[PDB]
Amino acid sequence: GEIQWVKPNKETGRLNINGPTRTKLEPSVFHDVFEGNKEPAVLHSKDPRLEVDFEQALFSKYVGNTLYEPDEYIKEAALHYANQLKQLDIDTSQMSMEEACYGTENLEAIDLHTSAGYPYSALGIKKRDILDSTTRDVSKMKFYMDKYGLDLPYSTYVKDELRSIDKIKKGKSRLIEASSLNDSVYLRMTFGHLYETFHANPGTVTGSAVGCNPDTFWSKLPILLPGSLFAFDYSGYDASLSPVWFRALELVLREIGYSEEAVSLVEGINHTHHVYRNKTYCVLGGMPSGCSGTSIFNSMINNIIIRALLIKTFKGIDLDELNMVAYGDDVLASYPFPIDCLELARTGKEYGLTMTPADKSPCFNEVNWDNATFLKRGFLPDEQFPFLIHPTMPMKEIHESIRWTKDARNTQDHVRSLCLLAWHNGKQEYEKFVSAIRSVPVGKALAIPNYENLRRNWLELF
RNA sequence: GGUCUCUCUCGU
RNA sequence: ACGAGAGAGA
Ligand SMILES: Nc1ccn([C@@H]2O[C@H](COP(=O)(O)OP(=O)(O)OP(=O)(O)O)[C@@H](O)[C@H]2O)c(=O)n1
Ligand SMILES: [Mg+2]
Ligand SMILES: [Mg+2]
Ligand SMILES: [Zn+2]
């Protein structure tokens, strides 16, 4: 991805979009009980913690575009992936606006607790003023689609979240592109059935982990992914995507049966307009992260990416022996022979992609179940039943979360959630985490889950 | 102050 | 089942 132009809002006639500049994150009562190295991300340009210009740091992620049209590796890759998807028999028919707005069994309803985007957000119009859970009224929605139409600009806000100190010093906060409700609706109508299929089928046919539940999914993955593991990270995936991957996405969609009107919508996320503050800017390439389908399309593109890299980097690849599961840019994959990722990475560079050793190691090492991670979790066989696999969120990560809150009112819920993540690491580590939580007055006021209950509730899932 | 997923909690 | 809230992940 690459910023094509920037114009003031006077010149484009776009309403300014300003977001908050103060973090809602405050240190929790456990801040000094656990060690951690993250803080609230830089939200404002005059943040004393800065060491670089903010805005230039924020937008440096648009590293530019290499390929615009599919070469022959990418084509072959798209087709292999699309043929794989066909057995799922995705219903390419348009989803009704009522189902799109208000949801189904395999698609959650549009979030009514979340902004409505351009232009409503500047007009004081919330999602709740157009949609109603109980009514399932679609009438005002239709009315607004007509008034403001589609392809409305994304609103750019900075994400309020904890970031490692290095990224705070270097102003590398993340940006989210707040969709217009109109585009969300329309994209859900076009692909809601695809969404439903993906959510209902995490695994190696979708090649996706969206919809997965780590407690139960981590036990399938060594069966789903037989042979030699490989994995890596992308640096700035969404923005690093060149238009070719959107061309590629299109070919997959066509091949599984989408109408050209349906397929045409891809170009409207490949080429987007964004309002950040008082300006309008144009982005060519790059997933507008915040659009409907972000996760699924990233996952799909990722599947295309992996195949294309493999048959370009190596001789005699059999794509049919490829297994992979993607969650956006997060990948875990296997093949009957070990795959050298340093070379995949060299090839990816030519495509504008930046690929780094699993977990930000210094170098590309062997990936095995003992050191693999996916969705930040490790893989740890249960000592009693070794075919049942724990997803292990590292305690260091759990320590970062607990040291802050955005509202201490919900402390109880927060610590409980962490415990649900922590116990997988084992009895000894878990009680250590609990005893440290207990070491402080608020901590002694909290209901903390009993370990063996957690374990036995885990086992009962199977 | 986005798209989504998973899980938990509290209600009726 | 329907409502509200939270955490986590991409
Ligand atoms: N809160 C998030 C996090 C991630 N993503 C999507 O998932 C991809 C991968 O996210 P991640 O690997 O966690 O971050 P990067 O964007 O690769 O890294 P950076 O922090 O450098 O931007 C992104 O490209 C983005 O499209 C997202 O939509 N929302
Ligand atoms: Mg990445
Ligand atoms: Mg990973
Ligand atoms: Zn443009």
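Heavy-atom basis, side chains included; hydrogens, waters and symmetry copies ignored. First the proteins, then the strands, lettered A, B, ... as listed; each starts at 1.
Straight-line distance from the CZ atom of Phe191(A) to the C1' atom of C4(B): 16 Å, rounded to whole Å. In this structure, the CH2 atom of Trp218(A) is 13 Å from the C1' atom of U7(B), given to the nearest Å. Look at CZ on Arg136(A): it is 11 Å from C1' on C2(C), rounded to the nearest Å. Rounded to a whole Å, the OH atom of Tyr102(A) is 11 Å from the P atom of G3(C). Regarding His113(A), its NE2 atom lies at a distance of 8 Å from the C1' atom of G5(C), rounded to whole Å. Atom CZ of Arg409(A) and atom P of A4(C) are 18 Å apart (whole Å). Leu112(A) places its CG atom 12 Å from the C1' atom of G3(C), with the value rounded to the nearest Å. Rounding to whole angstrom units, CG of residue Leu221(A) and P of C6(B) are separated by 16 Å.
The phosphate of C8(B) has neither OP1 nor OP2 within less than 4.0 Å of any side-chain N or O from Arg416(A). Note on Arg128(A): a side-chain N or O is less than 4.0 Å away from OP1 or OP2 of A4(C). At least one side-chain nitrogen or oxygen of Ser121(A) sits closer than 4.0 Å to the OP1 or OP2 atom of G1(B). Between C4(B) and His199(A), no contact under 4.0 Å exists linking OP1 or OP2 to a side-chain N or O. At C4(B), one or more side-chain N or O atoms of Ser292(A) fall inside 4.0 Å of OP1 or OP2 (strictly under the cut-off). Taking only side-chain nitrogens and oxygens, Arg188(A) never comes nearer than 4.0 Å to OP1 or OP2 of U3(B).
Side-chain N/O atoms of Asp91(A) and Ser93(A) include a donor and acceptor closer than 3.5 Å. Defined by atom type and a distance below 3.5 Å, a donor-acceptor pair is present between the side-chain atoms of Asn9(A) and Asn16(A). Looking at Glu177(A) and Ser289(A), their side chains never bring a donor and an acceptor atom within 3.5 Å of each other. Inspection of the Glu196(A) and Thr104(A) side chains reveals an N or O donor paired with an N or O acceptor under 3.5 Å.
Residues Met287(A) and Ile269(A) meet the side-chain proximity criterion, which asks for heavy atoms closer than 4.5 Å.
When the P atom is compared between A10(C) and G1(B), the two are found 24 Å apart, to the nearest whole Å.
RNA chain B is contacted by both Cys212(A) and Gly290(A); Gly290(A) maps to the nucleotide lying nearer its 5′ end (nearest heavy atom per residue).
Across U3(B), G1(B), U5(B), the shortest atom-to-atom separation from the side chain of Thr114(A) is found for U3(B). When the nucleotides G1(B), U5(B), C2(C) are ranked by their closest atom to the side chain of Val210(A), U5(B) comes out on top.
At least one donor-acceptor pair closer than 3.5 Å links the side chain of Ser96(A) to the backbone N or O of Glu99(A).
Within 4.0 Å (heavy atoms only), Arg277(A) reaches no atom of the nucleic acid at all. Among the heavy atoms of the strands, none lies under 4.0 Å from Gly117(A). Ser133(A) comes within 4.0 angstrom of the backbone, heavy atoms only, and of no base. Residue-level contact check: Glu108(A) touches the backbone only, with heavy atoms under 4.0 Å from sugar-phosphate atoms and none from bases.
Nearest heavy-atom pair, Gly426(A) versus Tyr451(A), reported as atom, atom and distance to 0.1 Å: C-CE1, 3.6 Å.
Screening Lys167(A), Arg403(A), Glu400(A), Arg163(A) for a side chain to side chain contact (heavy atoms under 4.5 Å, CB included) with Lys38(A), the sole residue that qualifies is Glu400(A).
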Please tabulate the protein-to-nucleotide N/O contacts below 3.5 Å involving nucleotides 6-10 of chain C, giving atom names and distances.
residue	atom	partner	partner atom	Å
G7(C)	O3'	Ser401(A)	OG	3.3
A8(C)	OP1	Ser401(A)	OG	2.7
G9(C)	OP1	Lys376(A)	NZ	2.5
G9(C)	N2	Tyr327(A)	OH	3.0
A10(C)	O3'	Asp329(A)	OD1	2.6
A10(C)	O2'	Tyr327(A)	O	2.9

